[PDB]
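Since the structure comes first, as structure tokens, the remarks are kept for the end.
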Amino acid sequence: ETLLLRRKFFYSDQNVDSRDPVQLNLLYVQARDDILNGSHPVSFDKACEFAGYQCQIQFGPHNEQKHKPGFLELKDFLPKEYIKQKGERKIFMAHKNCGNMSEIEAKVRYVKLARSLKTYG
């Protein structure tokens with residue numbers, strides 16, 4: 001009848017790059033641009049994260065009264081598809097999750113994240 005079998009359970013991001021922040025920054029930037037470009041229809045929630053993190057990685061979680069979800073440039077941060085929706089209150093939410101994560105630790109996940117949306121199949 002049939003003699004086949006499918007199975008694939010493994011996920012080990014790049015470590016030879018993770019270490020190097022340069023290659024991580026190059027990816028982080030591209031990842032962001034990719035979003036701004038509007039080529040990868042990432043989940044609103046996801047894209048939200050990136051933004052929230054961007055601000056974080058941008059300045060840092062070492063703020064609250066100054067760092068506002070408005071001051072941000074969702075227009076120069078999120079793609080039109082989002083601009084229209086104007087998901088601000090959403091951004092903040094992400095930050096809440098981030099909390100006070102390292103600027104690098106955030107950048108790392110960022111690349112991975114952007115590397116999570118684009119799946120192969």
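Identifiers for the structure tokens are assigned positionally: chains receive A, B, ... in sequence, residues are indexed from 1 per chain, and ligands are indexed from 1 in the order shown.
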Could you give me, as a PyMOL selection string, the residues within 12 Å of residue 47 (chain A), counting only C-alpha atoms and dropping anything in the same chain fewer than 4 positions from it?
chain A and resi 31-36+38+40-43+51-54+74+77-79+81-83+87-88+90-91+94+110+113-114+116-117
Got time to write the residues from that selection, N, CA and C atoms, as an mmCIF file, in the first residue's frame?
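Saved as part33.cif:
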data_model
loop_
_atom_site.group_PDB
_atom_site.id
_atom_site.type_symbol
_atom_site.label_atom_id
_atom_site.label_comp_id
_atom_site.auth_asym_id
_atom_site.auth_seq_id
_atom_site.Cartn_x
_atom_site.Cartn_y
_atom_site.Cartn_z
ATOM 1 N N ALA A 31 15.583 42.459 8.556
ATOM 2 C CA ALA A 31 14.316 41.929 9.030
ATOM 3 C C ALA A 31 13.292 43.064 9.112
ATOM 4 N N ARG A 32 13.702 44.141 9.764
ATOM 5 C CA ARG A 32 12.835 45.296 9.921
ATOM 6 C C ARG A 32 12.446 45.858 8.552
ATOM 7 N N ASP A 33 13.464 46.162 7.761
ATOM 8 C CA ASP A 33 13.243 46.704 6.432
ATOM 9 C C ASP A 33 12.259 45.809 5.677
ATOM 10 N N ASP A 34 12.499 44.509 5.770
ATOM 11 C CA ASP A 34 11.646 43.540 5.104
ATOM 12 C C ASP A 34 10.185 43.829 5.453
ATOM 13 N N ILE A 35 9.968 44.169 6.715
ATOM 14 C CA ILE A 35 8.627 44.471 7.189
ATOM 15 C C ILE A 35 8.146 45.773 6.546
ATOM 16 N N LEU A 36 8.993 46.789 6.636
ATOM 17 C CA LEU A 36 8.667 48.086 6.069
ATOM 18 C C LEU A 36 8.425 47.937 4.566
ATOM 19 N N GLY A 38 7.169 45.425 3.082
ATOM 20 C CA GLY A 38 5.834 44.876 2.911
ATOM 21 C C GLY A 38 5.848 43.692 1.941
ATOM 22 N N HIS A 40 6.684 40.348 3.408
ATOM 23 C CA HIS A 40 6.281 39.236 4.252
ATOM 24 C C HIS A 40 5.121 39.668 5.150
ATOM 25 N N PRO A 41 3.927 39.081 4.870
ATOM 26 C CA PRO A 41 2.737 39.397 5.642
ATOM 27 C C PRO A 41 2.783 38.728 7.018
ATOM 28 N N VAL A 42 3.570 39.322 7.903
ATOM 29 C CA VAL A 42 3.711 38.797 9.250
ATOM 30 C C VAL A 42 2.439 39.097 10.045
ATOM 31 N N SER A 43 2.177 38.244 11.026
ATOM 32 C CA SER A 43 1.000 38.406 11.864
ATOM 33 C C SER A 43 1.061 39.747 12.597
ATOM 34 N N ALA A 51 8.110 46.052 16.483
ATOM 35 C CA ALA A 51 8.006 47.470 16.783
ATOM 36 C C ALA A 51 8.347 47.702 18.256
ATOM 37 N N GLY A 52 7.560 47.076 19.118
ATOM 38 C CA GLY A 52 7.768 47.206 20.551
ATOM 39 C C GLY A 52 9.244 47.025 20.910
ATOM 40 N N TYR A 53 9.837 45.990 20.335
ATOM 41 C CA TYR A 53 11.238 45.696 20.584
ATOM 42 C C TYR A 53 12.140 46.780 19.989
ATOM 43 N N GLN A 54 11.848 47.131 18.746
ATOM 44 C CA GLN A 54 12.620 48.149 18.054
ATOM 45 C C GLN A 54 12.871 49.344 18.977
ATOM 46 N N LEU A 74 5.107 54.778 14.196
ATOM 47 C CA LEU A 74 4.510 53.578 13.633
ATOM 48 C C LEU A 74 4.483 53.695 12.107
ATOM 49 N N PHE A 77 7.814 52.784 11.179
ATOM 50 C CA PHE A 77 8.167 51.568 11.892
ATOM 51 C C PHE A 77 7.379 50.371 11.355
ATOM 52 N N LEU A 78 6.097 50.603 11.119
ATOM 53 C CA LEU A 78 5.228 49.557 10.607
ATOM 54 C C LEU A 78 4.878 49.860 9.149
ATOM 55 N N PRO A 79 4.485 48.783 8.416
ATOM 56 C CA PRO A 79 4.121 48.923 7.016
ATOM 57 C C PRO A 79 2.742 49.569 6.870
ATOM 58 N N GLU A 81 0.075 48.645 5.535
ATOM 59 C CA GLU A 81 -0.950 47.718 5.980
ATOM 60 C C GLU A 81 -1.273 47.953 7.458
ATOM 61 N N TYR A 82 -0.248 48.351 8.198
ATOM 62 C CA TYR A 82 -0.410 48.613 9.618
ATOM 63 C C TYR A 82 -0.715 50.090 9.872
ATOM 64 N N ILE A 83 0.061 50.943 9.221
ATOM 65 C CA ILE A 83 -0.116 52.378 9.367
ATOM 66 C C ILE A 83 -1.610 52.702 9.406
ATOM 67 N N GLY A 87 -1.805 50.566 14.785
ATOM 68 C CA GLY A 87 -1.752 49.738 15.978
ATOM 69 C C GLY A 87 -0.701 50.260 16.961
ATOM 70 N N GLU A 88 -1.107 51.254 17.737
ATOM 71 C CA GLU A 88 -0.215 51.849 18.718
ATOM 72 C C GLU A 88 -0.342 51.124 20.060
ATOM 73 N N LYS A 90 -1.192 48.592 20.710
ATOM 74 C CA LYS A 90 -0.720 47.227 20.550
ATOM 75 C C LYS A 90 0.778 47.171 20.857
ATOM 76 N N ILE A 91 1.508 48.097 20.253
ATOM 77 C CA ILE A 91 2.945 48.164 20.452
ATOM 78 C C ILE A 91 3.253 48.068 21.948
ATOM 79 N N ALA A 94 3.369 44.924 23.676
ATOM 80 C CA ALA A 94 4.561 44.130 23.431
ATOM 81 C C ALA A 94 5.634 44.496 24.459
ATOM 82 N N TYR A 110 14.803 38.907 17.761
ATOM 83 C CA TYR A 110 14.277 39.634 16.618
ATOM 84 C C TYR A 110 14.560 38.885 15.315
ATOM 85 N N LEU A 113 12.833 35.690 15.230
ATOM 86 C CA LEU A 113 11.425 35.960 14.995
ATOM 87 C C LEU A 113 11.186 36.118 13.491
ATOM 88 N N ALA A 114 11.903 37.066 12.906
ATOM 89 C CA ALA A 114 11.778 37.326 11.482
ATOM 90 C C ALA A 114 12.128 36.057 10.703
ATOM 91 N N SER A 116 11.296 33.194 11.860
ATOM 92 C CA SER A 116 10.261 32.248 12.244
ATOM 93 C C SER A 116 9.048 32.398 11.323
ATOM 94 N N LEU A 117 8.738 33.647 11.004
ATOM 95 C CA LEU A 117 7.609 33.938 10.137
ATOM 96 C C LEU A 117 7.809 33.235 8.792
#
So that I can check the secondary structure, give me every residue of chain A assigned alpha helix (DSSP H) by backbone DSSP, as a ChimeraX atom specification.
/A:15-18,21-37,44-58,80-85,88-98,103-117
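Considering only C-alpha atoms, the residue among A:44, A:28, A:9, A:71 positioned nearest to residue 57 (chain A) is A:28.
Considering only C-alpha atoms, the residue among A:112, A:4, A:95, A:15 positioned nearest to residue 63 (chain A) is A:95.
For the pair CA of residue 45 (chain A) and CA of residue 86 (chain A), the interatomic distance is 12.7 Å.
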Close residues, residue 100 (chain A) itself excluded, 8 Å, only C-alpha atoms, min 4 positions apart in chain, as number ranges by chain
A: 60-62
Would you mind exporting the chosen residues as a CSV table (one decimal), in the first residue's frame, restricted to C-alpha atoms?
chain,number,residue,atom,x,y,z
A,60,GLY,CA,16.0,50.6,26.0
A,61,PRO,CA,13.5,49.5,28.7
A,62,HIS,CA,15.3,52.0,31.0
Which residue, A:3, A:119, A:111, A:59, has the smallest gap to residue 27 (chain A) when you use only C-alpha atoms?
A:111
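CA of residue 72 (chain A) is positioned 10.6 Å from CA of residue 58 (chain A).
Closest to residue 96 (chain A) among A:8, A:66, A:18, A:49 is A:49, based on only C-alpha atoms.
Separating CA of residue 109 (chain A) from CA of residue 16 (chain A) is a distance of 14.9 Å.
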